Amino acid sequence: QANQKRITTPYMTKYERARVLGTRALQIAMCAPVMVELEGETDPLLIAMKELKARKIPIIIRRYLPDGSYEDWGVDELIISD
Amino acid sequence: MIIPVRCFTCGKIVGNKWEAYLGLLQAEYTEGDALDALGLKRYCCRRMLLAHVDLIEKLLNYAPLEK
Amino acid sequence: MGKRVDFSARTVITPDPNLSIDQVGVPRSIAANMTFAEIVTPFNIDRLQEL
Amino acid sequence: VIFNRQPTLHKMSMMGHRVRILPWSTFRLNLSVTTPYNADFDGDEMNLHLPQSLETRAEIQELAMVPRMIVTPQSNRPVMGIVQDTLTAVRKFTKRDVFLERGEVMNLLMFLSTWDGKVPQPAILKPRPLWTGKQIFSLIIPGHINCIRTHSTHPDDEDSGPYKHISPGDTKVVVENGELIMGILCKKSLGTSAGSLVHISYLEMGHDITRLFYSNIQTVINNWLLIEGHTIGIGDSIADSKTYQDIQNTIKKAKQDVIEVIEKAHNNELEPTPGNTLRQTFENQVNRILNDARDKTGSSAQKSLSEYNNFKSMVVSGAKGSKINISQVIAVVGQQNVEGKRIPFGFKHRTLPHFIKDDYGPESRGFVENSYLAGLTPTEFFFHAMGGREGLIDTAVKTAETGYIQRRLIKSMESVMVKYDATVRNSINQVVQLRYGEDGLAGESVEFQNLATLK
Amino acid sequence: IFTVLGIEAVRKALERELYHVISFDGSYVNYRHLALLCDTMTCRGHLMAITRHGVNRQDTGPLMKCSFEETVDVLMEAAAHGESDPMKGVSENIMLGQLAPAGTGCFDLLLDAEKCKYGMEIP
Amino acid sequence: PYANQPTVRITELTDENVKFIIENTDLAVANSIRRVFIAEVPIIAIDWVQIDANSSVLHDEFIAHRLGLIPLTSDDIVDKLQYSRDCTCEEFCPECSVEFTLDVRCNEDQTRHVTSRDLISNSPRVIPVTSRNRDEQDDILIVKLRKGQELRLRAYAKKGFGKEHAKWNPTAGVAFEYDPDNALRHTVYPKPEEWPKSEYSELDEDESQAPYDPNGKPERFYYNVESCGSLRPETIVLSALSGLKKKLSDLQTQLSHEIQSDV
Amino acid sequence: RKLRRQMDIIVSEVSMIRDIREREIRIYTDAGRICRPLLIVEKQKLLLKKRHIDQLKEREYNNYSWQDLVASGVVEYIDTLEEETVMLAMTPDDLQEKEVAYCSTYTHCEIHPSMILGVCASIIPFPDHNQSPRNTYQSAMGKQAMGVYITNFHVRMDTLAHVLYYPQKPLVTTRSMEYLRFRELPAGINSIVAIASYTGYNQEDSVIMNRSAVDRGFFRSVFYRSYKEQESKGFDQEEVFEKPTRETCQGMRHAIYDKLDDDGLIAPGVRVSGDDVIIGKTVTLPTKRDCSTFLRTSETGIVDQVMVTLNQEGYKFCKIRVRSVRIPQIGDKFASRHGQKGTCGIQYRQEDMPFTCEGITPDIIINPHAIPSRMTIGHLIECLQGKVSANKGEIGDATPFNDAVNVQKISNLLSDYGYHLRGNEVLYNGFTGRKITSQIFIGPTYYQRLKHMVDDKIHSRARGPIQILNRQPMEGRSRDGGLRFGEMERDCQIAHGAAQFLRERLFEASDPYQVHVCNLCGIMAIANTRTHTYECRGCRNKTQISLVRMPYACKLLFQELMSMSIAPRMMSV
Amino acid sequence: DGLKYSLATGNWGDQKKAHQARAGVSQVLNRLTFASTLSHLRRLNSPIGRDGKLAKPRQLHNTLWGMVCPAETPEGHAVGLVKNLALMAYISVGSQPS
Amino acid sequence: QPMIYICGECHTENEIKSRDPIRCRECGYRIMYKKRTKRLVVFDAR
Amino acid sequence: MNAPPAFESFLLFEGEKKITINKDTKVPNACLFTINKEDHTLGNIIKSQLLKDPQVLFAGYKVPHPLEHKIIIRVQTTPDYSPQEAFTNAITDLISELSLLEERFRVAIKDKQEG
Amino acid sequence: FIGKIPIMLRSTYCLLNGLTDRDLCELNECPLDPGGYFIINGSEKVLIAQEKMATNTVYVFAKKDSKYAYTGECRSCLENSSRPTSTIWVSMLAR
RNA sequence: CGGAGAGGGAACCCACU
Ligand SMILES: [Mg+2]
């Protein structure tokens, strides 16, 4: 769907928060370039948490509607719960 | 099996008191008189001999493995 | 629907008030048998080499 | 790791945990976490699964961690509560007449993780500095929490009459600006009930903060219990020997009433209750008399109960036991029931070969006029064994039906989910509800409220 | 009630009788679950009793319904009638070792290469 | 801001126990003295048992455990020995261990009682507690032997304190009591009339407990240190005091070193 | 009845039953009738007399035995049929006297009501002061309490043999134990328990133990496990006991075989551990392959004795018994004689443990929150009577329906020995030394150690052995198996909505597998990876072929369905 | 061989009808405690199907006074079905009624 | 090589080689116990 | 098999420090003293001797876990007075107390023996 | 010779019958062992007593849902004959 | 010589939560 027609919630649900964090910290573990300057922490999960808090994760979420359509929500663009 | 060397609670030596306790019971002494004739003032030490069953005697009735 | 799984342990539970609700105490025998796969990165390369 | 007790009945049975390495060879989990798992530490075994991929490790971290699983969507209540020594010790600690020395206050505050290192001004400055238990629990309570609860022994007329906001019994727990002002904390305040203090804490502050709240409560209260102490003994179960006489009198008049009811039934002087036959109305009269006698003896027991009793110190706190357990221990065990009725006539028109034929008296049909202290006469012992056998059989039989019901329910709804349309559809996109719960709202973030404009 | 008043009155009466047993103990269960159960049991216009006689009759899929009091008659019937399982359920993707559409798997993850331009690698 | 001045008087001195009172000290200090009495008083007990033959009906580890629970008379050698973990030597030397030997064989038809008298030490002054009982009493039984049965073993005695194992616990009963009459009311009697009077209490039969005093502080700590037979009861207290003092001195040395390295 | 009471023609086991309102009169003689002895009561008096009691008290000289008592016409054997038509009295003194008349027509009296109990329930002190499910649980756990199970346990080469170092007869006992010989082969130690909340490590039905007592031998036991093996089975495949030698035998573990003697066995008295060979047995290979028996993993014991003999086929037969002592650690399941079970939660040394005015520190501390709902008042009365008995010098009597002893009498007896009449004592805190504000209930109670140790239940797994039919992890602690992520755990993960974790559990953590399936027909194809030749016969495509990752159980289900002629076709489009 | 097989396995009947013959008879003697051995040597069994929702057979009957222990029974799926024997309870052995 | 055994009945140390029937040269008794080992055993007294 | 060695309760590993000093950032003139391989036996007396010093505003100890062998002593003193010097003065006063107690106890023994 | 019958310990034809405790100890047997079990393949076997309905007695029952209301059964056996329990029911129809 | 470990299965019984 186009950017005008977005009917899903602007809040990043707990499942999206869990899976985005997991799949981004996995990328950090495979030596993907970090999007946020770190202060010496070495754990990819904490690195991914910091990126999520700073809203810099280079990932977008495809929300499949029941009819078959989908919406592309950028992680930076929707509200994080915590 | 055999009398423990020390009382579990107190730690006072009880291992040497069993034969003397049986000897005192082989007299007019009751258990309550034998225990404090042996010097057991605390019931923790008293139960060590009062409730002990001496199964080593039943174990010795069997012939040994060797000779 | 249900099946046996690797990386699983089982033993007797016992109370311990001196750790938070999110913590669980596991024996060194269980922890020294079950493993977690860490991917090497220049951040943890020295620690993993020492390990 | 994810950690469960195998009979998993709900999603608070498989919960995430952080691993701490401890010397010996047993799993150790915090005592609040016992309640969701339904653990007992009586030989229970729990099996532990370690997520292997970092993605699923993060998923467990963000979904199934125990601090995140405090409040159930089943009944919008917290699942973990202060239990089994810490609850009783909190009840004894937050009493009005609890005063702590300077060294004791420092020792207790040393066990607070969420402590700013600032010692509060004591509730008494002279003749000598003494703090209060509420004054330390106020530091325990995190943030700025505002809630009002009522203690178990809160009298009904207190709210209507004067002293409403100045409680003589120190009931009506009031927490204001994150500070315990007045009230004794019990099960109905720190337990798993809706609107409890922990529930308000979870709903206001974070799940991590409520985790810290559990940890601080348990550590500091269990360390104050080293000084206070809590037991139970054979003296806790004895009465004044005037209460014994009162109970004996109640039992004797109840037996005389049962005998005279039997006489009226035998002389055909008893009119059957409309809607019932003679047999069932006689049974109803006998049961009413016996139940009234048991209730009166129990009430006499609680009235005789002392302030220092450990049975009361447990039941009032709600950690373990009920108000009928004290009655069965001290006054009267009660009347034994098999399938709801009195003990049936196994023999020829009698219950045991020690009873005369057609003996409908209380002793001949399962009533036990003795308590657990005086012991049970052999007939009463056999009847109580037969009564408890029914419950033991039910415990085993019920599982093979309840687990089957649960599996059958799950296999009919296992694919029903909330789509991104916010509607509820099954696996084949058939609409079940246009909004989840016909409101679109999560079941774990709601509360009980009152509609003021109604009536 | 189904014969006399109709399916919607059945849903309400079933909710009342199902809440009666739960609240008889004094325990509380949120209305969410009672409503969902009474809806999925009555979302097809007929009384869909939760047995193999009511759960397997709905056209959910042979793989899904071969996990419940079944897995021989269902599979032979599906083979005989050439039924196709769309694999849109949960217990269907679970068998094949695939992400069930159940949250963390209900959606797909994509890279925003525009946001990849920022950020740098460090030693 | 300084230390207080404690005083001690002995109320009873015996080869079995010492009963005395400590005044003008802290409850924590008194408890730590009572605690070192049980935990941190080194004595000599056997920790290394090698069995060359065991035809008895009690198995090898049972025999070793019963042997280890046997106390050994170590009044002054425990001070001049060294922990086996600290001695420079190999497995064992006389400077950190004491060798024991036990060779008993039953040949007659009468049941043979293997006692602690049958343990032969290499050091004549480090022996079991069969030393002196004149001014008839039996000795610690180890095992009973049938005709033809025997056991041969060689054992070593190490220096240890009760924190490792209870066999290095020099004391049997350490009675601890302060404020026998509930003047401080650190405990609360629901019915004080039902509670028997303490041995150290000074009250008439009419009075049940002392009147409460808010200004009071725990003093007059009553001890009754009962020795198991290894150390003398009078020297157990001295060794405990020395051990606590040296532990505090070592902690102070470590703290001073850390501070001077931090600055 | 006259003939049966003299054993003239009718033997004692025969039961005669007269139904009165319905005119039948039935006589039963068949086998299987369950019956118990009852006293004979005439007008209102027993036939048991002072002369009977006297001439039977001087037994072993007058040989007036129970058979002579039956022949005297004093007792009868009454089955259920005859128990319907008879009138019993619980106690002759209390139920045969002039008073407000209840029956006045008794026919039999019971010897003692405590004989309604069994064997495991006759060891419960004060069983009428407990809730009945507690008594049932104690009757169940009495079969699991470890002790000297038999006197000849050293000659008895037996698997899973458990004996305690220092069993004790209970300080408080029933009069029915002397007939169960429980005071000759007891299972348990009379521990000094303090029912108090000390630190919180006993909160949920758990228990604190005294580390110093355990060091002194408290509840210390030894575990006997026996291993059997026999050589043989074919024309030339002859089994033989020997030391397997690496150049000769083909299949060998990394385990060290030097512990074996050259005949193929270990000499008794050798320290052994997990994955250590015990019986070196090899079969001739048509060089040789071993069938040596390995010690069960994580046992770590010592060989006790080794016996060699011939079975009934004349082949060499060996049984080896291994000692392994089990020092009570935390998690070991302990229980009392009232159904109060519990695992050790922590072990404090004597210094850390609370203590009385004397140096008495409780061997065991249990949570007081286990009494009020369980209502084991028999446990409290046992703990009181145990102190009374250990102070008096007598063995306590806990006959169920004694009625000659009660809580008031026990309390009055205890008050004479310098203790609080209700058993409470003023314990002092073991850490701070401050006396505990509440007074602690403490006294000797007979606790039992159950067979459910924690070292026999603890196990883990990390990609261990695998089953043969489906490539899932094995099952069982002994086979280094994995736990079952069952159907309810799957449902719980669905409810959590952790789909990635569910797939990780059921797919990679159990049996990851890859199969090749044709794109045209959803049938499994044939893949030759080294030559990269992927062809699906029945289509002759060889070109459009898909690889799909699958659980092995799913693949094997598909293969079974195809064997059943069902064609599960899996198109990836 | 029939006696040995039946007593060693517990299938009470011919070896061909292993599934038809009732099992559970002739159990391995429990030799962990002397009380356990006595309890296993004094034990009755009700050969009715387990896992059944009819609790009437499992209940403690009034005619169990003094012949079957009311307290002693397994807590599993054999509540009331497996019951031990009272102390003085004796089982008649049979004789000729002639 | 020698592997001396013990008769269960007469307790006689009797020499047996490998691959021989388990027999006691007197009393004909057919159950043998092996021996106590010669290697060192070290037991802590704990 | 998970049982720790009995000597673990008081023996430092190689590289371990008997005492560790960490400044407390929450409040001024406060410090946390971590003692390894010691327990209540030392912590209680240290706390009690610290509480006698009028210049000590806070003093307490804890064992984080009984299975572990550690004890944490937090000391807060008035400004112009250091927690480190407070701890060392408490130690040097407790040592003097113990030495005086030793002298008096041995004197009492000597006069009790035939006196 | 027909075969060898497994024999119960401490029975009237067992080799431990009536032996004194000293003889039992000489035979490496426990004097406290109650006996009553079989040794088969060197493993103790205990015949658990099996309950059954009494034979040759008339029982009148009333099953709830059946074509007949009352039914009287008397399972019958001769004095340990080869024939099994030949059960006969006498029943009354339920209208 | 390559460290080889994968070590059947079915049935019944007991027991644990
Ligand atoms: Mg449990």
# chains A, B, ... in the order shown; residues from 1 in each chain; ligands from 1

$ select_by_dssp --residues "chain J" --states "alpha helix (DSSP H)" --output "compact mmCIF listing (two decimals) with N, CA, C and O atoms, in the first residue's frame"
# COMPACT_ATOMS: atom_id res chain seq x y z
N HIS J 40 29.90 -13.80 58.73
CA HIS J 40 29.34 -13.07 59.86
C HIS J 40 30.33 -12.97 61.02
O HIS J 40 30.34 -11.95 61.72
N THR J 41 31.18 -13.99 61.20
CA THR J 41 32.12 -14.00 62.32
C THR J 41 32.92 -12.71 62.39
O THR J 41 33.18 -12.19 63.48
N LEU J 42 33.33 -12.19 61.24
CA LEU J 42 34.07 -10.94 61.15
C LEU J 42 33.16 -9.74 60.87
O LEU J 42 33.39 -8.66 61.42
N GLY J 43 32.15 -9.93 60.03
CA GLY J 43 31.28 -8.82 59.67
C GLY J 43 30.53 -8.23 60.85
O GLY J 43 30.41 -7.01 60.96
N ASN J 44 30.02 -9.08 61.74
CA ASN J 44 29.22 -8.59 62.86
C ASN J 44 30.06 -7.76 63.82
O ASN J 44 29.64 -6.68 64.25
N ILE J 45 31.26 -8.24 64.17
CA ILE J 45 32.11 -7.47 65.06
C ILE J 45 32.58 -6.19 64.40
O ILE J 45 32.66 -5.14 65.05
N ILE J 46 32.89 -6.24 63.10
CA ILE J 46 33.30 -5.02 62.42
C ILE J 46 32.18 -3.99 62.44
O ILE J 46 32.41 -2.82 62.74
N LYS J 47 30.95 -4.42 62.14
CA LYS J 47 29.82 -3.51 62.16
C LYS J 47 29.59 -2.93 63.55
O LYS J 47 29.36 -1.73 63.71
N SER J 48 29.63 -3.79 64.58
CA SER J 48 29.39 -3.31 65.93
C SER J 48 30.45 -2.32 66.38
O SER J 48 30.12 -1.31 67.02
N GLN J 49 31.72 -2.57 66.06
CA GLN J 49 32.77 -1.62 66.43
C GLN J 49 32.66 -0.33 65.63
O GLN J 49 32.99 0.74 66.15
N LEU J 50 32.22 -0.41 64.37
CA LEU J 50 32.00 0.79 63.59
C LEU J 50 30.87 1.64 64.15
O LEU J 50 30.95 2.87 64.13
N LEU J 51 29.81 1.00 64.65
CA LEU J 51 28.67 1.73 65.19
C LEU J 51 28.99 2.49 66.47
O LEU J 51 28.24 3.40 66.83
N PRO J 83 35.80 6.96 55.58
CA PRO J 83 35.37 5.58 55.88
C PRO J 83 36.53 4.61 55.99
O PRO J 83 36.46 3.67 56.80
N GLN J 84 37.59 4.80 55.21
CA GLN J 84 38.74 3.90 55.29
C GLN J 84 39.42 4.00 56.66
O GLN J 84 39.71 2.98 57.29
N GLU J 85 39.66 5.22 57.13
CA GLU J 85 40.27 5.38 58.44
C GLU J 85 39.32 4.98 59.55
O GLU J 85 39.76 4.50 60.59
N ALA J 86 38.01 5.14 59.33
CA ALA J 86 37.04 4.62 60.30
C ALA J 86 37.15 3.10 60.41
O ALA J 86 37.16 2.55 61.52
N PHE J 87 37.25 2.42 59.27
CA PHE J 87 37.36 0.96 59.28
C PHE J 87 38.65 0.52 59.97
O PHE J 87 38.65 -0.41 60.78
N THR J 88 39.76 1.18 59.64
CA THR J 88 41.03 0.77 60.25
C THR J 88 41.08 1.11 61.74
O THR J 88 41.68 0.35 62.50
N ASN J 89 40.45 2.20 62.17
CA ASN J 89 40.37 2.49 63.60
C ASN J 89 39.49 1.49 64.32
O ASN J 89 39.81 1.07 65.44
N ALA J 90 38.38 1.07 63.69
CA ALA J 90 37.56 0.02 64.28
C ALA J 90 38.35 -1.28 64.41
O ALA J 90 38.26 -1.95 65.44
N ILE J 91 39.12 -1.63 63.39
CA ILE J 91 39.91 -2.86 63.44
C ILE J 91 40.97 -2.77 64.54
O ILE J 91 41.16 -3.71 65.32
N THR J 92 41.68 -1.64 64.61
CA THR J 92 42.74 -1.51 65.60
C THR J 92 42.20 -1.36 67.02
O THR J 92 42.94 -1.63 67.97
N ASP J 93 40.95 -0.94 67.19
CA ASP J 93 40.33 -0.95 68.51
C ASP J 93 39.83 -2.34 68.88
O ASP J 93 39.94 -2.75 70.04
N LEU J 94 39.28 -3.07 67.91
CA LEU J 94 38.85 -4.44 68.17
C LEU J 94 40.03 -5.34 68.50
O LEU J 94 39.91 -6.22 69.36
N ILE J 95 41.17 -5.14 67.84
CA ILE J 95 42.36 -5.93 68.15
C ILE J 95 42.82 -5.65 69.57
O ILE J 95 43.21 -6.57 70.31
N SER J 96 42.80 -4.38 69.98
CA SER J 96 43.15 -4.04 71.36
C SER J 96 42.17 -4.67 72.35
O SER J 96 42.58 -5.17 73.40
N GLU J 97 40.88 -4.65 72.02
CA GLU J 97 39.88 -5.29 72.87
C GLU J 97 40.18 -6.78 73.03
O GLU J 97 40.15 -7.31 74.14
N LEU J 98 40.48 -7.46 71.92
CA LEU J 98 40.77 -8.88 71.99
C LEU J 98 42.05 -9.16 72.77
O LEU J 98 42.11 -10.13 73.52
N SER J 99 43.09 -8.34 72.60
CA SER J 99 44.33 -8.56 73.34
C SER J 99 44.11 -8.37 74.84
O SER J 99 44.59 -9.17 75.65
N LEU J 100 43.39 -7.31 75.22
CA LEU J 100 43.07 -7.09 76.63
C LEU J 100 42.23 -8.23 77.18
O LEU J 100 42.42 -8.67 78.32
N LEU J 101 41.28 -8.73 76.38
CA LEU J 101 40.45 -9.85 76.79
C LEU J 101 41.29 -11.11 76.99
O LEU J 101 41.07 -11.86 77.94
N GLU J 102 42.27 -11.34 76.10
CA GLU J 102 43.18 -12.47 76.27
C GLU J 102 43.95 -12.36 77.58
O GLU J 102 44.05 -13.33 78.34
N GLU J 103 44.51 -11.18 77.85
CA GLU J 103 45.29 -10.99 79.07
C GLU J 103 44.43 -11.23 80.30
O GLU J 103 44.82 -11.96 81.22
N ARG J 104 43.23 -10.64 80.32
CA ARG J 104 42.36 -10.80 81.48
C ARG J 104 41.88 -12.24 81.63
O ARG J 104 41.76 -12.73 82.76
N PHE J 105 41.61 -12.93 80.52
CA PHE J 105 41.16 -14.32 80.62
C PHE J 105 42.25 -15.22 81.15
O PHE J 105 42.00 -16.10 81.98
N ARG J 106 43.49 -15.03 80.68
CA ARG J 106 44.57 -15.87 81.20
C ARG J 106 44.88 -15.54 82.66
O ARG J 106 45.19 -16.45 83.44
N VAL J 107 44.77 -14.27 83.05
CA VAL J 107 44.90 -13.93 84.47
C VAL J 107 43.81 -14.61 85.29
O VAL J 107 44.08 -15.18 86.35
N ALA J 108 42.57 -14.57 84.80
CA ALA J 108 41.47 -15.22 85.50
C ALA J 108 41.70 -16.71 85.63
O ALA J 108 41.40 -17.30 86.68
N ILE J 109 42.23 -17.35 84.58
CA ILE J 109 42.56 -18.77 84.65
C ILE J 109 43.61 -19.01 85.73
O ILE J 109 43.49 -19.95 86.54
N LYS J 110 44.65 -18.18 85.76
CA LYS J 110 45.73 -18.40 86.72
C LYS J 110 45.24 -18.26 88.15
O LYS J 110 45.60 -19.06 89.02
N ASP J 111 44.42 -17.24 88.43
CA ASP J 111 43.88 -17.12 89.79
C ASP J 111 42.81 -18.16 90.09
O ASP J 111 42.58 -18.48 91.26
N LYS J 112 42.13 -18.69 89.07
CA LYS J 112 41.19 -19.77 89.34
C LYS J 112 41.91 -21.06 89.70
O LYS J 112 41.42 -21.83 90.54

$ residues_near_ligand --ligand "ligand 1" --cutoff "7 Å" --atoms "only C-alpha atoms (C1' of nucleotides) and all ligand atoms" --output "ChimeraX atom specification"
/D:39-44 /L:17

$ write_last_selection --atoms "C-alpha atoms (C1' of nucleotides)" --output "PDB file, in the first residue's frame"
ATOM      1  CA  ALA D  39       6.064 -25.291  42.546  1.00  0.00           C
ATOM      2  CA  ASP D  40       6.279 -26.843  45.999  1.00  0.00           C
ATOM      3  CA  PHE D  41       9.993 -27.690  46.575  1.00  0.00           C
ATOM      4  CA  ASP D  42       8.741 -30.997  48.025  1.00  0.00           C
ATOM      5  CA  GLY D  43      10.738 -32.998  45.502  1.00  0.00           C
ATOM      6  CA  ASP D  44       9.582 -31.091  42.420  1.00  0.00           C
TER       7      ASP D  44
ATOM      8  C1'   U L  17       5.509 -33.913  40.823  1.00  0.00           C
TER       9        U L  17
END

$ residues_around --residues "residue 37 of chain D" --least-positions-apart "2" --cutoff "10 Å" --atoms "only C-alpha atoms (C1' of nucleotides)" --output "list in words"
residues 3, 4, 5, 6, 7, 8, 9, 10, 11, 12, 13, 14, 15, 32, 33, 34, 35, 39, 40, 46, 79 and 80 of chain D

$ write_last_selection --atoms "N, CA, C and O atoms" --output "CSV table (one decimal), in the first residue's frame"
chain,number,residue,atom,x,y,z
D,3,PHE,N,12.3,-21.5,31.6
D,3,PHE,CA,12.3,-22.4,32.7
D,3,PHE,C,10.9,-22.7,33.1
D,3,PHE,O,10.1,-21.8,33.4
D,4,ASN,N,10.5,-24.0,33.1
D,4,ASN,CA,9.1,-24.3,33.3
D,4,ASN,C,9.0,-25.5,34.3
D,4,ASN,O,9.9,-26.4,34.4
D,5,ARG,N,7.9,-25.6,34.9
D,5,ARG,CA,7.5,-26.9,35.6
D,5,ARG,C,6.5,-27.6,34.7
D,5,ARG,O,5.5,-27.0,34.2
D,6,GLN,N,6.8,-28.9,34.5
D,6,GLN,CA,6.3,-29.6,33.3
D,6,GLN,C,4.8,-29.5,33.1
D,6,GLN,O,4.3,-29.3,32.0
D,7,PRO,N,3.9,-29.6,34.2
D,7,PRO,CA,2.5,-29.5,34.0
D,7,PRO,C,2.1,-28.0,33.7
D,7,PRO,O,1.5,-27.3,34.5
D,8,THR,N,2.5,-27.6,32.4
D,8,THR,CA,2.3,-26.2,32.0
D,8,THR,C,0.8,-26.0,31.7
D,8,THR,O,0.2,-26.6,30.8
D,9,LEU,N,0.1,-25.2,32.5
D,9,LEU,CA,-1.3,-24.9,32.3
D,9,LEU,C,-1.6,-23.5,31.6
D,9,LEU,O,-2.6,-23.4,31.0
D,10,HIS,N,-0.7,-22.6,31.8
D,10,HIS,CA,-0.8,-21.2,31.2
D,10,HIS,C,0.6,-20.7,30.9
D,10,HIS,O,1.6,-21.3,31.3
D,11,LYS,N,0.6,-19.5,30.3
D,11,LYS,CA,1.8,-19.0,29.8
D,11,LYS,C,2.7,-18.4,30.9
D,11,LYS,O,3.9,-18.1,30.7
D,12,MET,N,2.2,-18.4,32.2
D,12,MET,CA,3.1,-18.2,33.3
D,12,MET,C,3.6,-19.5,33.9
D,12,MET,O,3.9,-19.5,35.1
D,13,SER,N,3.7,-20.5,33.0
D,13,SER,CA,4.4,-21.7,33.4
D,13,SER,C,5.7,-21.9,32.7
D,13,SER,O,6.6,-22.6,33.2
D,14,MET,N,5.9,-21.2,31.6
D,14,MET,CA,7.2,-21.2,30.9
D,14,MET,C,7.7,-19.8,30.8
D,14,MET,O,7.2,-19.0,30.1
D,15,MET,N,8.6,-19.5,31.7
D,15,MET,CA,9.1,-18.1,32.0
D,15,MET,C,10.6,-18.0,31.8
D,15,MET,O,11.3,-18.9,32.2
D,32,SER,N,8.8,-15.9,45.1
D,32,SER,CA,7.6,-15.3,44.5
D,32,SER,C,7.3,-16.1,43.2
D,32,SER,O,6.2,-16.3,42.8
D,33,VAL,N,8.4,-16.5,42.5
D,33,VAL,CA,8.2,-17.2,41.2
D,33,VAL,C,7.6,-18.6,41.4
D,33,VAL,O,7.3,-19.3,40.5
D,34,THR,N,7.5,-19.1,42.7
D,34,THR,CA,6.9,-20.4,43.0
D,34,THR,C,5.5,-20.4,42.6
D,34,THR,O,5.0,-21.4,42.0
D,35,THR,N,4.7,-19.3,42.8
D,35,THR,CA,3.3,-19.3,42.6
D,35,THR,C,2.9,-19.5,41.1
D,35,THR,O,2.0,-20.3,40.9
D,39,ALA,N,5.0,-24.5,41.9
D,39,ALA,CA,6.1,-25.3,42.5
D,39,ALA,C,5.8,-25.5,44.0
D,39,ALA,O,4.9,-24.8,44.6
D,40,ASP,N,6.4,-26.5,44.6
D,40,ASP,CA,6.3,-26.8,46.0
D,40,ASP,C,7.6,-27.1,46.7
D,40,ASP,O,7.6,-27.2,47.9
D,46,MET,N,12.1,-29.5,37.8
D,46,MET,CA,11.8,-28.5,36.7
D,46,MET,C,12.9,-28.6,35.7
D,46,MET,O,14.1,-28.7,36.0
D,79,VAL,N,0.5,-12.3,39.2
D,79,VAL,CA,0.6,-13.8,39.5
D,79,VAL,C,1.5,-14.1,40.6
D,79,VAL,O,1.2,-14.9,41.5
D,80,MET,N,2.6,-13.4,40.7
D,80,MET,CA,3.6,-13.5,41.8
D,80,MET,C,3.2,-12.6,43.0
D,80,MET,O,2.8,-11.5,42.8

$ closest_atom_pairs --of "chain D" --to "chain J" --cutoff "9 Å" --atoms "only C-alpha atoms" --output "tab-separated table"
residue	atom	partner	partner_atom	distance
D:22	CA	J:67	CA	7.0
D:23	CA	J:4	CA	6.0
D:24	CA	J:2	CA	4.8
D:25	CA	J:2	CA	5.3
D:102	CA	J:51	CA	9.0
D:103	CA	J:51	CA	7.3
D:104	CA	J:60	CA	8.8
D:106	CA	J:60	CA	5.6
D:107	CA	J:60	CA	5.2
D:108	CA	J:60	CA	8.6
D:109	CA	J:60	CA	8.4
D:110	CA	J:60	CA	6.3
D:111	CA	J:62	CA	7.1
D:115	CA	J:26	CA	8.9
D:116	CA	J:26	CA	5.9
D:117	CA	J:27	CA	6.0
D:118	CA	J:27	CA	7.3
D:119	CA	J:58	CA	8.3
